[PDB]
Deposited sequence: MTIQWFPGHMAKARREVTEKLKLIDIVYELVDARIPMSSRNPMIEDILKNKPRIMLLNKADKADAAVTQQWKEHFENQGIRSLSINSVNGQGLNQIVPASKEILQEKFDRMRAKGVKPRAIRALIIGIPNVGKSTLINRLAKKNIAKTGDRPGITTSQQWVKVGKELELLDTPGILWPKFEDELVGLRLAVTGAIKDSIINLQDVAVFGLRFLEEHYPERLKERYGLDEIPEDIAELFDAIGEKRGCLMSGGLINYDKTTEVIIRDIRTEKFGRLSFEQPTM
């Protein structure tokens, strides 16, 4: 993991011209893997804010400006329906123009661009590859006569100690919900919604007013959806799942858990 997947990237980097770093548009910063980026020094790259359809469009625009102003070419895309994928090859050619023109002038003929797909788990690396390759393949994945891709497994990093970063990753689905306390993530989700998207929270569960006590809000949602366990008692485990499901399936509309600056 922290070593296995890491060396796999270190090796494959020697065979590629450019890196396609996929991040979750809902959390462009918290979904960036510092451990991996460190290995990516000097190698050309494009930051791909995937799942842009699930994020707040205005905030996404802010993140793109933020990265570009730092010298990082960025593109917001939807790997499921194709939004923005037509900009990847064009961008890649512009970034590698100098390198390629230099090789051509030295007598080395042009070859198909070789790119590496990297990113945290569940960010959409396979979806993107399958869409670009126009085939269910997800090793050198061919994409027309202009691109060749290499896929890598989802990777996290050791010191992500910042509890906030962990909560954002957990709520968005970057971590298997089996090894974590899902209710704490649901509590984080609800507080986030109450602070940033209160109207959506109310309409979603038909709440005339949002309860001041987080536990009370859990009960409201439970009974509302019928999450009962022992002849009437609220099942908080099932209620937790509903909340997490609602957030991930866009039941609260487009969400962005962080903004630049």
item	value
Sequence order list of spans that the model leaves without C-alpha positions, deposited numbering	1-8, 147-158, 282
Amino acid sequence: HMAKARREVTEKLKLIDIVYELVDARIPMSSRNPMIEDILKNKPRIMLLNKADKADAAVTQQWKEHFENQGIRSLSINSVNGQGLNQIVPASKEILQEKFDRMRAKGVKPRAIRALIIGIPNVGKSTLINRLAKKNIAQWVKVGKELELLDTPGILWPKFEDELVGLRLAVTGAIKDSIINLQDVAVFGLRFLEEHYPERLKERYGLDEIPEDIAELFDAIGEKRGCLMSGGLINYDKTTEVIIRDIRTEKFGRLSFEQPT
From here on, numbers count along this sequence of modelled residues.
item	value
Mean C-alpha B-factor comparison - 31-39 and 54-62, higher one	31-39
153-161 set against 121-129, stretch whose average Cα temperature factor tops the other in the entry	153-161
Out of 101, 94, 184, 146, highest CA B-factor residue	146
For residue 259, the third of its chain into which the C-alpha B factor falls	middle
Assigned third (lowest, middle, highest) for the C-alpha B factor of residue 110	highest
Modelled-residue ranking by C-alpha temperature factor, third containing residue 26	lowest
Third of chain Cα B-factors occupied by residue 86	middle
Residue 250 - Cα temperature factor, lowest/middle/highest third of chain	middle
